[PDB]
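A note on names: the letters A, B, ... follow the listed sequences, proteins ahead of strands, and every chain is numbered from 1. Quick note: numbers below take in every heavy atom, side chains included, and nothing from hydrogens, waters or symmetry partners.
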Amino acid sequence: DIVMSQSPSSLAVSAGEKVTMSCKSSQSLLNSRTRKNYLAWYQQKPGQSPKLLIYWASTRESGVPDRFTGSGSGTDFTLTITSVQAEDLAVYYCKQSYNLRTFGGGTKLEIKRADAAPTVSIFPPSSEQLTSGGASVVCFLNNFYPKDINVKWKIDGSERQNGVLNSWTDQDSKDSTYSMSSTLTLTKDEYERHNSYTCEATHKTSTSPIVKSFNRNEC
Amino acid sequence: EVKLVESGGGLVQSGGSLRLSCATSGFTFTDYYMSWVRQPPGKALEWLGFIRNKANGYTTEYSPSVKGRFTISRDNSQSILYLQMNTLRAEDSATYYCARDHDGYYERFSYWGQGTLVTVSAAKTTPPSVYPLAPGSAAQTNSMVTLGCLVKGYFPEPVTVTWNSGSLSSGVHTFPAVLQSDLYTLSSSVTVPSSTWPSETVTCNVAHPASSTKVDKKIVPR
Ligand SMILES: O=C(O)[C@@]1(O)C[C@@H](O)[C@@H](O)[C@@H]([C@H](O)CO)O1
Ligand SMILES: [Mg+2]
Ligand SMILES: [Zn+2]
């Protein structure tokens, strides 16, 4: 019966600024016998396992930077990050060990940075894919911020929306940008009926879409 | 160095059983409680259970969420931790981590394994098709050039992609897989000076453990 809750669910902060996040337990985590709070904080960076940051509410594990500070007692705990760095991008979990163990639901920390336009690249289907009857066209939209972006596919000048799949990366741990892949899949028969293939990216960094294209006759 | 390494994840059908293992070294195993924690894709950590240290008779405790269905054990001669799962269901699909736990003195999980992915599904294992992504008759000469690999139509997760056997590390983006009519597809891009490609070779190394697929795909121009 120890319910752990964290707040906020997510936020974004610019590098150099301070981050404050909260952790509540449904009952006191202060152990009377040892007089310490059985509450730890873990950091889970994108694609990684969780890593111990703080335990006993306020003890900073060896090798953890001074800018991380745990505080609080009883039912309410706080993790503060001063002078946030790009690498601090992560989800932060608190965890009680007063009675077995329970994790909070996590706080996702995003990094705010200056707007950046995507670098766009388009790729035609490979001969090894076409041999088997399918045709995927891929567009990379790399290193942009903020995350919101629009991609449109045009074939012989006409927009096509079906058979398109998009995937965003997690924010980058060093430059705080996002990237996104857009993949248009057609049958070989349909791919061979048209010549021009275009992927157009519209991002708040310009009123002009960034257009990349290729023509099959030129392959 | 302390090391924890999970093994045993993969695809299992609903109702099945599966046993994970966790190999440890670099610390006195018997001195430590050990925990298992799981994490469904994009969801929060969930504590599952622990097995206590020698001083406490190696007794077990579990979260109400898996008690009576999951069992934890340990090999104290080889320092290996186990998790036996039974009557598996979709909700059990997750990355499973082992973690070093209590020693009688500190309240913390000092170390975590890299995690092993369990997928509960009736779908079949399908190896990926791996296709090279090379520029067409495009600009190409922009001081830099971006290449890629398309890893299409596989199941279950995960796949690993490296470039030049890990030698190309910076300037690599691997995009999270997307699930479509029961198959995953992902792509990976790599960015290098065009003076270096195709002057030097650039190859994507793709592995799909579920089908023991290993692929090296050299990116060739034209
Ligand atoms: O249940 C236990 O084995 C344990 O010792 C685990 C500790 O983490 C801690 O929860 C402790 C309680 O504080 C009781 O002493 O119980
Ligand atoms: Mg990047
Ligand atoms: Zn008991």
Side-chain angles (χ1 to χ4, degrees), chain A residues 6 31 34 36-40 42 44 47-52 54-56 59 61 91 93 95 97-98 100-106 119 121-126 128-129 132 134 136 138 140 142-143 165-170 172 174 179-181 183 185 197 212-216 218-219, chain B residues 4 6 35 37 39 43-50 61-64 95 97 99-102 106-115 129-139 142 144-148 150 152-153 170-171 173-178 180 185-189 191 217 222:
Chain A
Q6 290 181 243
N31 184 281
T34 62
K36 300 228 234 23
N37 293 283
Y38 295 6
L39 187 281
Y42 299 85
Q44 189 178 34
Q48 304 189 356
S49 306
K51 173 194 177 181
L52 173 65
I54 310 296
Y55 60 97
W56 283 334
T59 296
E61 187 53 85
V91 181
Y93 296 91
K95 184 212 73 195
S97 55
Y98 181 102
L100 301 191
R101 292 90 172 86
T102 305
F103 284 93
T119 295
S121 308
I122 189 174
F123 305 89
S126 62
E128 45 264 72
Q129 179 182 24
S132 71
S136 299
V138 180
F140 290 146
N142 290 341
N143 299 39
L165 299 182
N166 300 319
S167 180
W168 281 254
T169 61
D170 294 301
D172 186 83
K174 68 188 170 175
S179 302
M180 200 223 54
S181 197
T183 302
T185 300
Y197 291 79
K212 298 292 175 173
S213 188
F214 75 86
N215 293 319
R216 288 190 45 258
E218 299 168 21
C219 287
Chain B
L4 306 183
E6 299 87 348
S35 281
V37 176
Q39 183 171 50
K43 301 305 182 181
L45 296 171
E46 177 188 16
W47 180 82
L48 296 179
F50 67 44
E61 307 296 350
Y62 305 88
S63 180
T95 289
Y97 299 102
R100 202 185 79 169
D101 202 327
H102 196 51
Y106 288 93
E107 283 299 338
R108 67 193 171 179
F109 291 6
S110 291
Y111 298 100
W112 297 63
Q114 83 283 342
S129 291
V130 179
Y131 305 124
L133 295 178
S137 304
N142 325 337
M144 306 305 268
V145 60
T146 296
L147 306 181
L150 174 60
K152 177 173 183 54
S170 300
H173 302 286
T174 299
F175 300 91
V178 169
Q180 286 240 306
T185 293
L186 67 64
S187 56
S188 178
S189 81
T191 299
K217 197 77 188 191
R222 323 169 90 65

Go through the steps for B:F50 and A:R101 under the test side chain to side chain contact (heavy atoms under 4.5 Å, CB included), then give the verdict. CA-CA 9 Å; B:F50 67 44; A:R101 292 90 172 86; 3.6 Å; yes
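- The pair A:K36-B:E107 fails the salt-bridge criterion, with no side-chain N (NZ, NE, NH1 or NH2) lying under 4.0 Å from an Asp/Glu carboxylate O.
- The residue among B:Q180, B:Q114, B:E61, B:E46 with the most heavy atom pairs within less than 4.5 Å of chain A is B:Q180.
- Distance check, rounded to the nearest 0.5 Å: OH of B:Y106 to OG1 of A:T59 gives 9.0 Å.
- Interface remark: B:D101 contributes side-chain atoms only to the contact with chain A (heavy atom separation under 4.5 Å).
- Interatomic distance, A:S181 OG to B:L133 CG, rounded to the nearest 0.5 Å: 8.0 Å.
- If you measure heavy-atom distances from A:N215 to chain B, you find no contacts under 4.5 Å at all.
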Test B:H173 against A:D172 for side-chain hydrogen bond (donor to acceptor under 3.5 Å, both in side chains), laying out the working first. CA-CA 9 Å; B:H173 302 286; A:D172 186 83; 5.0 Å; no
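- Atoms OH and CD, from B:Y97 and A:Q44 in turn, are 4.5 Å apart once rounded to the nearest 0.5 Å.
- For B:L48, no part lies near chain A; criterion is any non-hydrogen pair under 4.5 Å.
- In terms of heavy atoms, B:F175 sits closest to A:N142 at CZ-OD1, 3.6 Å.
- Contact between A:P124 and B:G136 at its shortest, heavy atoms only, is CD-N, 4.0 Å.
- Closest approach of A:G105 to B:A44, counting heavy atoms only: O-CB, 3.7 Å.
- For chain B, the option among A:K212, A:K174, A:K51, A:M180 with the highest count of heavy-atom pairs below 4.5 Å is A:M180.
- Chain B forms more heavy-atom pairs under 4.5 Å with one residue of A:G104, A:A40, A:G134, A:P50 than with any other, namely A:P50.
- The candidate with the highest count of non-hydrogen atom pairs below 4.5 Å against chain B, out of A:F140, A:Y98, A:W168, is A:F140.
- Neither the backbone nor the side chain of A:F214 comes within less than 4.5 Å of any heavy atom in chain B.
- The candidate from B:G49, B:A177, B:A138, B:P132 with the greatest count of non-hydrogen atom pairs under 4.5 Å with chain A is B:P132.
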Give the C-alpha distance, both sets of side-chain angles, the deciding distance and a yes or no for side chain to side chain contact (heavy atoms under 4.5 Å, CB included) between A:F123 and B:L150. CA-CA 10 Å; A:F123 305 89; B:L150 174 60; over 6 Å; no
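- B:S129 does not touch chain A: none of its heavy atoms, backbone or side chain, sits under 4.5 Å away.
- Going from atom OH of B:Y111 over to atom CG of A:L52 covers 9.5 Å, rounded to the nearest 0.5 Å.
- In this structure, the portion of A:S132 lying under 4.5 Å from any heavy atom of chain B is its side chain and not its backbone.
- When B:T146, B:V145, B:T95, B:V130 are compared by the number of non-hydrogen pairs under 4.5 Å with chain A, B:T146 comes out ahead.
- Nearest approach of A:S49 to B:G115, heavy atoms of both residues: OG-N, 4.5 Å.
- Summarising the geometry, atom OG belonging to B:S63 is positioned 11.0 Å from atom CZ belonging to A:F103; distances are rounded to the nearest 0.5 Å.
- Between A:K95 and B:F109, the shortest heavy-atom distance links the atoms NZ-CD1, 3.4 Å.
- Of the listed residues A:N143, A:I122, A:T34, the one with more heavy-atom pairs under 4.5 angstrom with chain B than any other is A:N143.
- At least one side-chain heavy atom of B:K152 sits under 4.5 Å from a side-chain heavy atom of A:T185.
- Of the inter-residue distances, the one linking A:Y93 atom OH with B:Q39 atom CD reads 4.5 Å to the nearest 0.5 angstrom.
- Judged by distance alone, the side chain of A:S126 and the main-chain N or O of B:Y131 form no donor-acceptor pair under 3.5 Å.
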